[PDB]
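Here the structure comes first, spelled out in structure tokens, and everything after it is commentary.
Reminder, nothing fancy here: chain letters follow the sequence lines and each chain counts from 1. Side-chain atoms are counted along with the backbone in the values below, which use heavy atoms only and exclude waters and symmetry mates.
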Amino acid sequence: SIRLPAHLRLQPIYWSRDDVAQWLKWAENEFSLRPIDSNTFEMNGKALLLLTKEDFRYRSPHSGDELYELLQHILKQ
Amino acid sequence: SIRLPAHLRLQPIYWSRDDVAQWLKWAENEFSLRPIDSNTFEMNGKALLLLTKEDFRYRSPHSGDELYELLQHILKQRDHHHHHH
Amino acid sequence: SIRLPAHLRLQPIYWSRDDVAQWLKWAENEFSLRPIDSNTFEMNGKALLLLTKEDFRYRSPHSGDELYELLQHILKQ
């Protein structure tokens, strides 16, 4: 299953810039992804929700698609 | 959700150049974007609608994707406003 | 038929990042595919299951569709 750390259980639309960075770090560890510079997603959650999947892919060629789908899964929960 | 001020809740095609500037200020605040220069898009809404996402990135290296997609969301909202029951 | 080697019979959701790489190595040989880079999917099984078929196609222009359907077959088994 997919369970977020307590500090990230709020809806993504409320995530701060730090929350987004924490989410990226959590995802890296939970899914064994290649590390990326969190500054590639220089925004909060409300802005993150505006990005298209292609926007995720160009920011992270190696994990963007997974991160986008992970976010969709979180929203669907 | 996303709610524009009254003077901007019209279809973007009806936005004046000043409306576009006001939209940028509203967006910067609403989405906590890095400071957007007032000369980023000196044109009216009809003109803004002709730009591509790449154009938004060139004009706003820091917030182009956010701004372009925010405009897409606004267009979808207007479409729903005019076509729902 | 399609039979996974003993070390890959555990459910994909439990695959480690190395297991995913082992699956790719097995698939390339079993299906006579073009060479698959061992880091084509830098993630574990939980992450692999979140990707879409389009993502597989982008990651592997030569075999992504086949690998995605192979995974579905494994999940159905």
* Asked: Do A:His73 and A:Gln77 pass the side-chain hydrogen bond (donor to acceptor under 3.5 Å, both in side chains) test, and can you show the C-alpha distance, the side-chain angles, and the key distance before you say yes or no?
  -> CA-CA 6 Å; A:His73 174 85; A:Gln77 298 191 310; 3.1 Å; yes
ask   = Are A:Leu71 and A:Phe41 grouped together when hydrophobic residues (ILVMFWY) are joined by side-chain heavy atoms under 4.5 angstrom apart?
value =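 Per the 4.5 Å side-chain linkage, A:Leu71 and A:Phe41 are co-clustered.
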Quiz prompt | Modelled atom types, side-chain donor and acceptor of B:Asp55 and B:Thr52, under 3.5 Å | solution =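 Yes, side-chain donor-acceptor contact under 3.5 Å.
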_Under 3.5 Å, is there a donor on one side chain and an acceptor on the other for A:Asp19 and A:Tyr14?_
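No pair is found: no donor N or O on one side chain lies under 3.5 Å from an acceptor on the other.
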Closest approach of B:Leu8 to B:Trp15 (non-hydrogen atoms, all atoms of both residues):
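Looking at all heavy atoms of both residues, the shortest contact is O-NE1, 3.2 Å.
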Above 12 or not: heavy atoms from other molecules or residues under 6.0 Å from [atom1] of [X]?
| X | atom1 | answer |
| --- | --- | --- |
| C:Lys25 | NZ | no |
| A:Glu54 | CD | yes |
| B:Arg3 | CZ | no |

Does the side chain of B:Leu70 come within less than 4.5 Å of B:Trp26's, by heavy atoms?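 Sidechains of B:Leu70 and B:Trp26: in contact.
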**Prompt:** Would A:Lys46 count as a cation-pi partner of B:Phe31, with NZ or CZ less than 6.0 Å from the six-membered ring centre and within 45° of the ring normal?
**Reply:**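 So A:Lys46 does make the cation-pi contact.
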**Prompt:** So B:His80 and B:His84, would you call those rings parallel, tilted or perpendicular, with 30° and 60° as cut-offs?
**Reply:**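 Geometry flag for B:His84 against B:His80: parallel rings.
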Using 0.5 Å steps for rounding, measure from the CG atom of B:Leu24 to the CG atom of B:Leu33.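 Answer rounded to 0.5 Å: 9.5 Å.
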ask   = Could you give the distance from OG (A:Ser60) to CG (A:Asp65), rounded to the nearest 0.5 Å?
value =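 If I round to the nearest 0.5 Å, the distance is 8.0 Å.
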Where do C:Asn44 and C:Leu48 land on the side-chain contact (heavy atoms from CB on, under 4.5 Å) test, with the steps shown first?
CA-CA 6 Å; C:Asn44 59 25; C:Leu48 188 69; over 6 Å; no
Just do the salt bridge (charged side-chain N to carboxylate O under 4.0 Å, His left out) check on C:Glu28 and C:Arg34 with the steps written out, would you? CA-CA 7 Å; C:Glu28 176 177 328; C:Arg34 285 276 297 264; over 6 Å; no
